[PDB]
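1. Partial complex follows, first chain(s) only, in situ:
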Amino acid sequence: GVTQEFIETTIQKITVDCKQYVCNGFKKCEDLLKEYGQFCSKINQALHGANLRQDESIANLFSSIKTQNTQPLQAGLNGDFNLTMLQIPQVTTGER
Amino acid sequence: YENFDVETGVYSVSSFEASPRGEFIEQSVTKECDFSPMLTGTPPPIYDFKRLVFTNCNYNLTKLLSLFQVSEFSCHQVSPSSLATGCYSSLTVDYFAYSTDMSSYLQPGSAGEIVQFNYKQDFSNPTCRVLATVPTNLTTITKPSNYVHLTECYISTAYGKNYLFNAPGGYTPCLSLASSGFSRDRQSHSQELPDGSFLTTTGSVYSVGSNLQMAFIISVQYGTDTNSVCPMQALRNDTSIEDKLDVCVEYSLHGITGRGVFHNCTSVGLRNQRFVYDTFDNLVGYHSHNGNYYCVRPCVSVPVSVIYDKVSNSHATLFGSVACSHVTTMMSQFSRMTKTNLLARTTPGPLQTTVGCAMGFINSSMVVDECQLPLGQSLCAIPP
Amino acid sequence: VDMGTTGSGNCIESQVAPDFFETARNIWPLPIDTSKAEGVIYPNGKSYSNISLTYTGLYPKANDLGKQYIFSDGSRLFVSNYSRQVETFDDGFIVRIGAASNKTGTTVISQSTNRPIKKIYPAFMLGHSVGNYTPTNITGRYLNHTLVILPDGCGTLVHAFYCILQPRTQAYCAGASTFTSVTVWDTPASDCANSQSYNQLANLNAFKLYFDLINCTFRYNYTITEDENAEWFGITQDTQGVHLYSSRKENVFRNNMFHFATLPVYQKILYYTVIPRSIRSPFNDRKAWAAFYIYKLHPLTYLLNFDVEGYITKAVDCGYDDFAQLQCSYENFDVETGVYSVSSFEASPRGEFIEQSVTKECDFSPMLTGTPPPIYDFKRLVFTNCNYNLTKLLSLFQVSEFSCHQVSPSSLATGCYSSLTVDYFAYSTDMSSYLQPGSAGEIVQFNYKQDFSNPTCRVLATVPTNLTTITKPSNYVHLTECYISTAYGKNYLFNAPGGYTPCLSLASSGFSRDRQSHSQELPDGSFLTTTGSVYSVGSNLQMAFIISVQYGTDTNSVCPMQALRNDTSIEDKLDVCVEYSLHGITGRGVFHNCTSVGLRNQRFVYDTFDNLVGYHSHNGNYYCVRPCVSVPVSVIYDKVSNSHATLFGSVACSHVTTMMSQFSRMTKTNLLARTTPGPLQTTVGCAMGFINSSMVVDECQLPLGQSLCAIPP
Amino acid sequence: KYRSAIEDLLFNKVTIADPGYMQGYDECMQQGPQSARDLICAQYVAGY
């Protein structure tokens, strides 16, 4: 029996141009928004930190390649077990 | 980020350079709206006001307002000054004879017989209420005998006094009954209905002062396709075919205004609409008079990413998701140094990568196992 | 405008017999197909594409059969009773033109003939008032200015004009003794040049033969391309005039009606009559013409689906069905299989539940007799447990300013309050700016400060010379100073909001001259000093009224003088949505019989969230109040079978039956008729469309809760 | 029965406002306004 399970590792990383998003490049709107403090800079820093943390997490997850010994699996049948469904097909017509 | 000391990384930055903007004006040719019935004959009574609706014409509000001495110009969701420089899908004017001494009775939410039985203003659209005095020099408008407004409009039942009230912007139910004018104060008119009840109205008659006074209720509507009712302006029809392209302009096209950058774009959209919108009601395209479809983008649309290395104190720019040729031809959006570097064909010119156009980079065969400046899609920025 | 040459000569007589046209053989029912967006006016706000939105406007009800009108062809013409039936132009109507235009036709006057069917454009007479024709007393005569839609050009042009239809006196014409109906004939036997290009005014000439067109405000016409596709015509009226809609406007190959004309008819249109049309086809080339259907437009919520080309391809009548309510609540035409909590989109007519306490009348007599007090010595009247007539008080004054806070001047005369406080004094309207909120000067500082803690209104009024009960005082007097003279001096005393000045007793002596000062020695050795400004009263005495109100929770005893009857909810208006006004408390709700609960001596019962839950009525019966949408409705949808069912969560089935006027139209119909798949009581509420099956399952995609599953048909 | 003895003690030691899954819309009228189960009876007034 085969149990299928999905474990997410990423989300779409979004950076928002807070000034353009809020004011659409209007001087009056920017002057009125300046009364709210440092909102846009804080938003930018928060999004940048989230994206940086996601980048480090994904790099940490993928770092297992550098320190993992493997063996070259035979293409198609590995003994009597058929692993063609899980192997990357090799075609010399174009790029891998 | 409002930080003098920024750490090493790749950042999404805002645009702070302000560049001069042109103007893109495209106005449809239309006739002139005629306010002549408003300026001739005797003005109607308040309960029997006259409505003028203007569509696909050019209005000169200065000409109309220069013939009157305005005493009150209360407006809602629009300004009196914007009423003369704005474009509308329709322009409705309700005008009647009204004494400015009765100004409080025409106000929103006011009590009395004026709102109940004569005229209730409608506030579902941007509307302006103008109370104006007709000067004695203007002889085209004739002073009526008196000012007449209804004090009652009810159906007399067995219990009696079933008062009928005006709908916002509509006429009184006793309009046909009040067709015969009220010669005396507190004169009553009664009509027999087939149900057996009597419809009764009463009018208040008071003399007109030294100068006749009118009331104008101007209501406007705004359309997203074409605001045909536009002011008479001598503005030229600018051409964006060669000039004002790929640069920020302040456009006013067939009543739609805003700021944006216009690009050449293959005609995509509905085959009848002049303006093209996306699912979020953003003006995306525009079919121009010259038969060319233009492809509207905001003033700041290109994503700019700055790659900073603190140790080397060196920075580079990545124009995410943009081709380098478009970056070059659309240089009037970035910082002054970026504009200068795009104007002059520098040898470290724009470079096309898999994550967008790169400025300040060079193609390299170097392969790394880790980096502190990842550009995305297995790309790393190697600091100088 | 110029309507053309006045018609002269006799009219063409017509035979009126509804018994031939209105037959079961001629009935071809064509219900409104909402899945095809049939008769949907394209909204003028925007042209959306590839997106599904809900819209509120004038739309036809789903599966509406409408009214069918059949016209024939002629010598003496044959027509129905259409010209004498006066329909009600409530919100407008839509016309389905030439749905059948290529099938066999059964001429209502001819027999045993099957001619190919040809579409026809309807003719209407829309007006504000209706009456009788003088010589015949037959209903269907439009008085005053009348709007007439009239096809012309053998079917290639439509005439729209608005003016008085003066009946003539010649025989067979309207307003004559030999008048039967207002029929208009095309006469295509070389009188329309049908063989040649279509250009004639035969229809308008026939109408001018019937009626005299005088004092005619406008006359437009619109070209119609000679086609045979099914057409859609619609008409509505709003503040901008009368709007005409046509599917031919933007795309005759589509089903969307687009606005194409606005008619300057600003008075409300209340009636419309279909003008019978009998064209004069000779026996050589007689034809069987089509029929048009008229569907009334209702204010309804619709879920419109816009094509990739921007056209509405399908629509959903939100209140028609429970599946429709599911589609509109989630705004999704394609909803996956599941059990959904849905909203209520059906609007049902509401009654009125009025219960007003009997009280005496508040007396404003001191406000209307004697000389009004000065501003610093204003008189205050507080009213509780009485009926006020604000119209009576405000009709004796010429109001110059009616500024109000947290309440409107109109609502001040039709609202109920726990108290009504009126401060009135003599005040010159030239000093209006000094009575405004936050104003500077001595008026607010030392004479009167308005208290903005309750909904308050400030009225500046002029007393007419006719009103002789109020006597003009000698002058207008207000205090310019009120201070305690200490060693340093000038310790100014300021008015509290709504209170009197500390110098009121000092100022009781009055002020005869301008800038007259009064001083009093306090026991501490300091002097209390006041100064008054005296200025003459103008031609008319002017007063100032400060009306402040308080809204109560239990009983608003101060109610307006209304002759409204005390309605009874014992039998009528029970378990149905009503708009109630009970002892000053207003709102919308549904009333049910309940055993008397809540705190004693209280008329109204509230929960911990200040929601009106109960009400003790005059008839000694306690009632439970619900927000008029209270029964939870759950729709169980199976996509594969395209079948749906309703679960009324937490409600007994008997109460679901009695409380039927809250759900969709189909649900109301199914609850009215004792259908054999009637409401079924389960452990999760009342179920409509279910049966207990005694079936045991190990899994289900439609779980009702409490180990219950819905097995799709 | 559907509860063990220890389950019975645990459920009796915890107070939970009973939601009227069946006929609970009518049970709220009969009970009247009660602070303990007002949030359950607010289902049909607030709109949840």
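-> Nice, thanks for sending it over. Residues are numbered from 1 along each chain as shown, chains lettered A, B, ... in the order given.

2. contacts and neighbour counts: CA atoms only from here.
-> Noted.

3. Please work out how many residues are found near the closest residue to residue B:126 other than its chain neighbours.
-> With C-alpha to C-alpha, 6 or more residues apart in numbering or on different chains as the criterion, residue B:126 has its nearest non-adjacent residue at 5.0 Å, and that residue is residue B:77. Residue B:77 has 10 neighbours, counted by other C-alpha atoms under 10 Å in any protein chain shown.

4. The one 3 residues further on now?
-> With neighbours defined by other C-alpha under 10 Å, the count for residue B:80 comes to 15.

5. so who does the residue nearest to residue B:126 touch?
-> Listed by C-alpha atoms under 8 Å, 6 or more residues apart in numbering or on different chains, the contact set of residue B:77 reads B:125-127.

6. Switch these over to TSV; also include neighbour count and secondary structure.
-> Shown next, in TSV, are these (neighbours: other C-alpha atoms under 10 Å in any protein chain shown; DSSP: H, G, I helix; E, B strand; the rest coil):
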residue	neighbour count	secondary structure
B:125	14	coil
B:126	17	coil
B:127	25	strand
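
7. between those, which is closest to chain C?
-> Nearest to chain C out of these is residue B:125 (C-alpha to the nearest C-alpha; 11.0 Å).

8. then add chain E to what we have above:
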Amino acid sequence: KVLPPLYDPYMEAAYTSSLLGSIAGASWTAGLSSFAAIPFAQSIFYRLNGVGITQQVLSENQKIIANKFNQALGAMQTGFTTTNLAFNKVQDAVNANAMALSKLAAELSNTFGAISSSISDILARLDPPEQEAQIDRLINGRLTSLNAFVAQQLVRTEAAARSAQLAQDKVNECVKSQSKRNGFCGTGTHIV
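-> Next up, chain E placed on what we already have:
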């Protein structure tokens, strides 16, 4: 802006290929320090032996076991339908990624009580004292929406980091080794 992912799809392919090549091993030693070059079939049979299937049965039913494994791998295709829970989770993650962007874009089109959702329209139709209030209302609404979006993005990033840690644990326990736990790597006795 939608930032590109940190790695090219080729790098993810390399990661999954290394995972596939790391399946075979000793699976009986007392550490992770040594790597044995036992082939895939031998490793699978050793995992079956560890499950509790004796070597006599494994030697007897070699082809039968291989055929059943091949049938399972070929039936793995059928799970990419709406009925499967894991595929529903994949589509749910995609839909959440799309929904964040859709909400962010759609919050710019609603007026928030103002006369218009466009600052240009407010400037054109109104005058400083009123247009200041209208623009302030728009600003307040947009700031609240942006703050909500940023908070939700932070929550999603933390959840994705925790789920990536869980995925690393699953790779280390179920993929690179055999699991003696129950329900961590699916129902039944875990093999590979």
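
9. since we added chain E, can you redo the contacts of residue B:77?
-> Going by C-alpha under 8 Å, 6+ apart, residue B:77 touches B:125-127, E:115, E:125-126.

10. same check, this time on residue A:1
-> Residues in contact with residue A:1 (C-alpha under 8 Å, 6+ apart) are residue E:72.

11. Could I get the contacting residues of residue E:145?
-> Going by C-alpha under 8 Å, 6+ apart, residue E:145 touches residue E:107.

12. Pretty sure it sits in a helix.
-> Yes - in this structure, residue E:145 lies within a helix as judged by DSSP: H, G, I helix; E, B strand; the rest coil.

13. Name the residue of chain E with the shortest distance to chain A.
-> Using C-alpha to the nearest C-alpha, the closest approach of chain E to chain A is made by residue E:164 at 4.3 Å.

14. what's that residue in contact with, if anything?
-> Taking C-alpha under 8 Å, 6+ apart, we find residue E:164 in contact with A:7-10, A:57-58, A:61.

15. tilt between the strand or helix carrying residue D:26 and strand C:622-626?
-> Following DSSP states H and E, one finds residue D:26 within helix D:24-31. Going by axes from the mean of the first three to the mean of the last three C-alpha atoms, to 10 degrees, helix D:24-31 is angled at 140 degrees with respect to strand C:622-626.

16. include chain F too:
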Amino acid sequence: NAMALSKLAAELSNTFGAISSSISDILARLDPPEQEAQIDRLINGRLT
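-> Adding chain F to the chains above:
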């Protein structure tokens, strides 16, 4: 579980700056130009 329902029900009873928390009360006491503002305030708060 109880506090979620209690908060959801109690958020319907507070005025959010308007003259009243009831839409009917606002419609009865005010007029369209001010009615729109008060109802919009209530709507914005309830949506948040």
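
17. Revisit the neighbour count of residue B:77 given that chain F is now included?
-> Neighbours of residue B:77 under the rule other C-alpha under 10 Å: 19.

18. just residue E:62 next, same as before
-> 13.

19. related to what we said a few turns ago, is chain F contacted by the helix holding residue D:26?
-> No - using C-alpha under 8 Å from any C-alpha of the partner chain, helix D:24-31 never reaches chain F; the gap is at least 15.3 Å.

20. which element follows that helix toward the C-terminus?
-> Of the helices and strands lying after helix D:24-31 in sequence (DSSP H and E), the nearest is helix D:38-41.

21. counting contacts, what elements does that next one pack onto?
-> helix F:2-10 (3 or more C-alpha pairs under 8 Å, 6 or more residues apart in numbering or on different chains; DSSP states H and E).

22. what's the helix it packs on in contact with?
-> With contacts defined as C-alpha under 8 Å, 6+ apart, helix F:2-10 is touched by C:609, D:39-40, D:42-43, D:46.

23. Is any residue of the host helix or strand of residue A:31 near chain E?
-> For residue A:31, the host element (DSSP H and E) is helix A:27-33. Yes - contact between helix A:27-33 and chain E is present through A:29, A:32-33 (criterion: C-alpha under 8 Å from any C-alpha).
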